[PDB]
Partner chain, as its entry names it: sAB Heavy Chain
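Given next, in structure tokens, is a single chain: the form solved without the partner chain.
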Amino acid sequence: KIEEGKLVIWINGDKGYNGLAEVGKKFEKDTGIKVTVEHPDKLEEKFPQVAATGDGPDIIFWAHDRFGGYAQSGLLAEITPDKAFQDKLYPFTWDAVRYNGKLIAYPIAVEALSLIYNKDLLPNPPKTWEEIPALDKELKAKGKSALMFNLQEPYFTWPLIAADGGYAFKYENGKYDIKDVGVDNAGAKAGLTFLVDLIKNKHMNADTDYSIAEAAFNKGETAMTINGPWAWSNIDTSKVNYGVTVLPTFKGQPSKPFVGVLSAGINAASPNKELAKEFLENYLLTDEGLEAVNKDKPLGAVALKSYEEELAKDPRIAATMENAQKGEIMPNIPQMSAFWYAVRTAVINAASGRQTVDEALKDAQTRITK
């Protein structure tokens, strides 16, 4: 069982756990309640294990898409923020933490892919996907290329694919309609076709992955790349003069990158649920709390309006939220796994010539709504 009278918190080792510990120190100063932050290896794999036996931390931090699985096994307690507190956060973030109509976690940070560009090679980045082919041609005559990004993960290619109307699962009836999938529609076919053509016309290479694209941009060889806030650190170290902006539009429609919300859930087996609520709502989710964590390790964009408004003073952060609001919250339902694998395959096959674009998406669609 979990010990009563204190709070044990789990957050990944790449996050600002030292800053989080300081908020916990503040909590102890004001309430006398001790807080312990830990960052065990593969914590998101261990949580389901220990939580199933009534053990584990009182609070766990992780991207919201993993919380669907946890809530499915009843591992997270339903949270009770009132209307007033909910209005302190951007409305769309609350949707990322709702399962069977119930709120099961507190939104902390918000992330989404953005268009990253080299200001020295490209002071005026393209506002549309359509003008990249021509831009690539003129940059080649200069010894450089226009764009390079990870094409191995559907998470990275979806922004373009979904731009003109694509979606994973329709969300209206309170939750997701698992039979209403948008990977087979005209918009997706159009998006995936433009993507495949960029490869066929040699503006991109079907084999490019995360490391290949990162190295290219951080060396100054390609003018643009598509990545998230987690990649800025490496770019900073490379000293390339870069900027972060809204993703290019396609067919006049904005790219729709998936959105991941770092969230804080409360262990269903915790005997300290009220303490957890007090800490999360009135200590962490305040300008002072997030500041303490952010100073340790940047959170990127955040769900708390007041603090995000301050952070948006950084154009890279402002662009991150801009792209997020034009994006699609990652579905937390069990069916999303089937979507990831089917779409990953469709892209690989359409780019290798194993299947035409239409046939690749047609099969992915059928496999998902299976």
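Rigid core: the largest C-alpha set superposing within 1.5 Å between the two forms. Positions refer to the first chain, counted from 1.
Another form, the form deposited with the partner chain bound, is not on view; read the next lines as being about it.
> Relative to the superposed core, which single residue of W129, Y283, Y155, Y176 shows a CA shift of 2 Å or more between this form and the one not shown?
Among the listed residues, the one whose C-alpha moves by 2 Å or more is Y283.
> Compare the CA separation of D296 and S233 in the deposited complex with the one in the displayed structure, and answer closer or farther (the difference is at least 3 Å).
Distance between the C-alphas of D296 and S233: shorter in the deposited complex, by 3 Å or more.
> Between the shown chain and the other structure, the Cα gap of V50 to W340 differs by 3 Å or more. Is it closer or farther in the deposited complex?
Distance between the C-alphas of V50 and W340: shorter in the deposited complex, by 3 Å or more.
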